[PDB]
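Read top to bottom, the protein sequences are chains F, E, B and D.
The numbering of the first sequence is PDB author numbering, which starts it at 7 and goes up by one.
Residue numbering for the second sequence is 37 to 64, 87 to 265, as defined by PDB author numbering.
Residue numbering for the third sequence is 369 to 528, 533 to 696, 699 to 736, as defined by PDB author numbering.
Residue numbering for the fourth sequence is 3 to 24, 29 to 146, as defined by PDB author numbering.
Quick reminder that beta carbons are idealized off the backbone N, C-alpha and C, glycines included.
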Amino acid sequence: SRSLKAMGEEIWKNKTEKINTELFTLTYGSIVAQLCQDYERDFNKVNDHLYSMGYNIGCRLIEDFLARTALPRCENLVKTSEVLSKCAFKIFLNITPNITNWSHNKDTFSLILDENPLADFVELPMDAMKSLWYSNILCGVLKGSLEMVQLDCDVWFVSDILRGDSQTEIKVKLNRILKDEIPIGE
Amino acid sequence: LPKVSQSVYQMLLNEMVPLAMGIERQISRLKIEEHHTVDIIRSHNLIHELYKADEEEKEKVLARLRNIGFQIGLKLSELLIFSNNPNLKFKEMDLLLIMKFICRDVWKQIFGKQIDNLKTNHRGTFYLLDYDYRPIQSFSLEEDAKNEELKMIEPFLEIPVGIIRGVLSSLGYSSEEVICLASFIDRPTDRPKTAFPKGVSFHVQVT
Amino acid sequence: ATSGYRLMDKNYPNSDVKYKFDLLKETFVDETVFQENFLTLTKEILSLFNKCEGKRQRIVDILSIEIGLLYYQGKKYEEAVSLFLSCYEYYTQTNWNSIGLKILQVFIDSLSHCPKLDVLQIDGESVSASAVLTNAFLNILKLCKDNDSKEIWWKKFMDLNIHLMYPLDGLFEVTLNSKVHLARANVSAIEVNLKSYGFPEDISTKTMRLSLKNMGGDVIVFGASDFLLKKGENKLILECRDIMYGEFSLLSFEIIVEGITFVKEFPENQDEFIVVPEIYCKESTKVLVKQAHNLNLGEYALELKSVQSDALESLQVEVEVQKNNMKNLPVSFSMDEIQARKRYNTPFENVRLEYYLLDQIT
Amino acid sequence: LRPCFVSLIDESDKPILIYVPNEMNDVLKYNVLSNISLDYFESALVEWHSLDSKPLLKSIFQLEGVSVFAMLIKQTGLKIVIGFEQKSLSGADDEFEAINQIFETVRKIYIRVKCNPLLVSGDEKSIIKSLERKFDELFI
Ligand SMILES: *C(=O)CCCCCCCCCCCCCCC
């Protein structure tokens, strides 16, 4: 019907309610703050628990995304990349991550977050300078949502601007495209 | 100024009671992330667990969630004061101005609708009355299970209690002379009937 | 600008432009009269400000300390020290660190200069000059954060007595590393670490005691005597000779340096209680109490055994019962009277202690 | 315009931070000036803004050849005090607006640091470090 970029811009313009980014930052920061507080700053497992958060929320969010866009099922990483680059992030967080690091045989790629609205202003302590990610909810959402389009994916963080690296990257390697089910009867 | 889709924000805000139980169960389904197996338990199961867990577990989880809401209010209030700049003073001219500021600004910028009329004893406690309470407009169990429905929602009502408690903090009064309690005693008096049947009331007292 | 006579330390931005401030060359013709002219002006300002109720009080204190510093510059320290007694320590709780450093440094120097300075009074009972001087000294130690250049005050005071407490916090901080474990025959040991970031030099302590309080109320002390604290992070073992077993809550930690005692009283009800278990060692004198093995019907008794008895200079072992009904003593070590205690004094290998059941207790 | 010192004080007269953007004993002079300026707020001598609900800058006094201005945050009780050299001021309206802009930037930095969602509850050392590095980034 239309290009993915045009679809994303059109739906974001006049087909969605809106809320201030700063409030979203405060909410997510308070969540991470409480997680940090009551785990005794054991930052190895807060990552996993935020991953569980992301899986849970994105596994519902995929229904809203598909109900809005009504796209067909994705089949290969080439078109999936186009989708979650140029519509899916635009509808929700109003950003357009770039695609780079195309691995061999088009197996994996990486999302470069030019702007992360989850960390608009953040300064981690020295304890978390090389232990915490603070954005595990994003890749958790990605894994949870892509699980529901019938494709299993391994997604994790490579770098983050908060930790001091040059850019924030999320490798979204695919493991196997699981097939549909069938109801036999014996 | 930049914005985010309201749906994802609402879903994140709702997914705190599942946090509030998952975290506590971790202190006191399985899948491999990349090399190590992490355990995840579904969000809808944890709310049912909170309904039927314990009297002392529930109090701990509610206190934790109130602390979360307190952080929301504490961080949010300074930003609203810098942005909108109300005609308040620090400690106390009158509580009516403070509550008017909360109603006119905080609930605008958190939820999509101004909070409705509020009672006033002029001496002690104030009642903040909201009809249909946006973040639970699509919560239900069954056609017949109505008491179970209401008793299953109550932990979700700690987010605004914490928000109000935080907003009162950093504005004079600390969290020792302020007590706030949410309840479902409100009625749908004459408004059009929405999905959820019962309103929300915040009995908030200061001294 | 025209003369250059410095007033304490306050200097202005040195501008090349000069001012011919010559017509009033009557009140500062010499160097001496200038100081008391400034003092007169400042006193007039102080009197006017002090007649403004209590709505303007900070500038009053600033002007008073300015008067004190001028007195210090004039070398008439007897008035200066008395003037500083009012705000002796005031500018240290409110986080005005440079102000406190300046005022308290000049106070200590003034006290150290004059010959006698035997006795002083601040708001009541006449406090000893040395007793307040050491308080001020120990205050500048924690107040002055300059790492290595605080050694000047240390060298000033070592060459320079009342058993005197202080709030240890701000000088030392201690945390519990690991927990209790047997170290020798009958002494339970616990290792701890204390960081000495306050003082610059090593400390020759005299006694170190860590107190653990039971839920009942009684306490046990883990001791360590004559330990030389090094400048930095150091670990040490605290030994307790007389121990009790069960849950225990930390109470306080005490440093006893020669003349002073630094105490750090912990908060209450932390729910971080540590447990003092029994550790069995083959070479450890102990006494075992239990019901007797061989006995007649209706003839109760106890058996006391002394494992690793061997040679012992002396020992006093006492056994006393507790009442249950909270007003019944359901056992007696005598057929006629009602006793609740036995007191052995001499060494033994095995003895038989009598028993007389009172009513029904099992 | 390079300020001489920047002081932040809360409702309880607790100085958060009196950063000086680095001679040695000028910090004492600036701390004395901040202490003198602290009591100047609650005084009938100066009429504060109390008009249209906007923070208002004021020239509070001149001691030791240091033009020092201050702003009061009515809603929070925060107090900002900023000093300047006499020889660096031309007394122009645009300069007044620039000083107001500097005050606004300092307030924004303070809010951003305070609303950081990793401050535990009240750890003052972290606030001092963060504000100090931010002020180093700005005033340079
Ligand atoms: C083919 O249908 C693939 C569809 C693309 C995957 C769906 C991506 C949805 C999640 C995007 C991230 C939203 C923000 C989450 C953080 C709150």
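Report the rounded CA-to-CA distance for residue i versus residue j, giving the unit in angstroms.
i, j, result
"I42 of chain D", "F452 of chain B", "19 Å"
"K114 of chain D", "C121 of chain D", "11 Å"
"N62 of chain F", "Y109 of chain E", "20 Å"
"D15 of chain D", "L554 of chain B", "52 Å"
"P54 of chain E", "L176 of chain E", "31 Å"
"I25 of chain F", "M47 of chain E", "13 Å"
"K636 of chain B", "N503 of chain B", "17 Å"
"residue 280 of chain E", "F254 of chain E", "Nothing can be reported for residue 280 of chain E, as the shown portion of chain E is limited to 37 through 265."
"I413 of chain B", "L488 of chain B", "28 Å"
"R726 of chain B", "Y652 of chain B", "25 Å"
"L84 of chain D", "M616 of chain B", "53 Å"
"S621 of chain B", "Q43 of chain F", "24 Å"
"residue 532 of chain B", "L566 of chain B", "This structure gives no coordinates for residue 532 of chain B. The numbering of chain B moves from 528 immediately to 533."
"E394 of chain B", "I534 of chain B", "53 Å"
"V258 of chain E", "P193 of chain E", "11 Å"
"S101 of chain E", "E51 of chain E", "8 Å"
"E138 of chain D", "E29 of chain D", "19 Å"
"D112 of chain E", "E216 of chain E", "18 Å"
"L19 of chain D", "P61 of chain D", "20 Å"
"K524 of chain B", "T410 of chain B", "33 Å"
"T27 of chain F", "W54 of chain D", "34 Å"
"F141 of chain D", "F90 of chain D", "16 Å"
"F599 of chain B", "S496 of chain B", "30 Å"
"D158 of chain F", "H55 of chain F", "20 Å"
"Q92 of chain D", "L375 of chain B", "21 Å"
"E640 of chain B", "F625 of chain B", "14 Å"
"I575 of chain B", "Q473 of chain B", "23 Å"
"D188 of chain E", "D48 of chain F", "40 Å"
"residue 28 of chain D", "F115 of chain F", "No coordinates exist for residue 28 of chain D in the structure shown, because the numbering of chain D passes directly from 24 to 29."
"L437 of chain B", "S450 of chain B", "12 Å"
*What are the uninterrupted segments assigned as alpha helix (DSSP H) that are 4 or more residues long and contained completely in the region 80-121 of chain F, given in chain order?*
83-89 and 95-98
*asked:* Across the region 417-427 of chain B and the region 446-461 of chain B, are there enough close Cβ pairs to call them in contact, namely three or more that are closer than 8 Å?
replied: No, they do not touch.
*May I ask you to list, following chain order, the residues of the region 149-174 of chain E that have a beta carbon less than 9 Å from some beta carbon of chain F?*
Correct list: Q167, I168 and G170.
*Closer than 8 Å, Cβ to any Cβ of chain D: which residues of the region 126-147 of chain E, in chain order?*
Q129, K133, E136, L137, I139, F140, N143, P144, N145, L146 and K147
*Is it a yes or a no for the region 100-114 of chain D touching the region 39-53 of chain D, going by three-plus beta-carbon pairs under 8 Å?*
no
*Is it true that the region 88-108 of chain F meets the region 120-128 of chain F, where meeting means three or more beta-carbon pairs spaced less than 8 Å apart?*
yes
*Any chance you could list the beta strand (DSSP E) runs of at least 3 consecutive residues sitting entirely within the region 587-627 of chain B, in chain order?*
591-597 and 605-612
*Sequence ranges, beta strand (DSSP E) only - wholly within the region 202-249 of chain E, length at least 3*: 236-241
_Under 8 Å (Cβ pairs) to chain D, residues found in the region 131-147 of chain F_ = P131 and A134
*asked:* Whether or not the region 145-158 of chain E and the region 242-251 of chain E are in contact is what I'm after, with contact meaning three or more pairs of Cβ atoms, one per stretch, closer than 8 Å; do they touch?
replied: no
_Whole runs of the alpha helix (DSSP H) within the region 15-57 of chain F, excluding any shorter than 4 residues_ = Those alpha helix (DSSP H) runs which fall completely within the region 15-57 of chain F and span 4+ residues are 27-44.
*Please go through the region 135-173 of chain E and give each complete alpha helix (DSSP H) segment of 4 or more residues, from N-terminal end onward.*
153-159 and 165-168
*Report the residues of the region 32-50 of chain D with a CB closer than 7 Å to any CB of chain E, ordered along the chain.*
none
*Complete runs of the alpha helix (DSSP H) confined to the region 439-485 of chain B [at least 4 residues]*: 445-452 and 465-481
*Could you please tell me which residues of the region 50-72 of chain D, in chain order, have their CB closer than 7 Å to any CB of chain B?*
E70 and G71
_the region 164-171 of chain F touching the region 133-150 of chain F, judged by at least three CB pairs closer than 8 Å_ = yes
*Compile a chain-ordered list of the residues in the region 91-110 of chain D whose CB is closer than 9 Å to at least one CB of chain B.*
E91, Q92 and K93
*For the region 727-734 of chain B and the region 703-716 of chain B, state whether three or more C-beta atom pairs, one from each stretch, are separated by less than 8 Å.*
yes
*Just checking, does the region 219-233 of chain E make contact with the region 372-382 of chain B on the three C-beta pairs under 8 Å criterion?*
Contact between the region 219-233 of chain E and the region 372-382 of chain B is absent, because fewer than three Cβ pairs lie under 8 Å.
*Any contact of the region 712-724 of chain B with the region 675-688 of chain B, i.e. 3+ C-beta pairs under 8 Å?*
yes
_chain D contacts made by the region 428-449 of chain B, where a contact means CB separation under 7 Å_ = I430
*Using a Cβ cut-off of 7 Å, which residues of the region 13-25 of chain F contact any Cβ in chain E, in chain order?*
Under the 7 Å Cβ criterion, the region 13-25 of chain F contributes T22, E23, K24 and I25.
*Taking three-plus beta-carbon pairs below 8 Å as touching, is the region 653-667 of chain B in contact with the region 608-615 of chain B?*
Remark: fewer than three beta-carbon pairs, one from each stretch, lie closer than 8 Å, so the region 653-667 of chain B and the region 608-615 of chain B are not flagged as touching.
*Could you tell me which uninterrupted alpha helix (DSSP H) segments, each at least 4 residues in length, are contained entirely in the region 53-120 of chain D, listed from first to last along the chain?*
99-120
*If contact means a Cβ-Cβ distance below 9 Å, which residues of the region 114-126 of chain D contact chain F?*
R118, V119, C121, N122, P123, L124, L125 and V126
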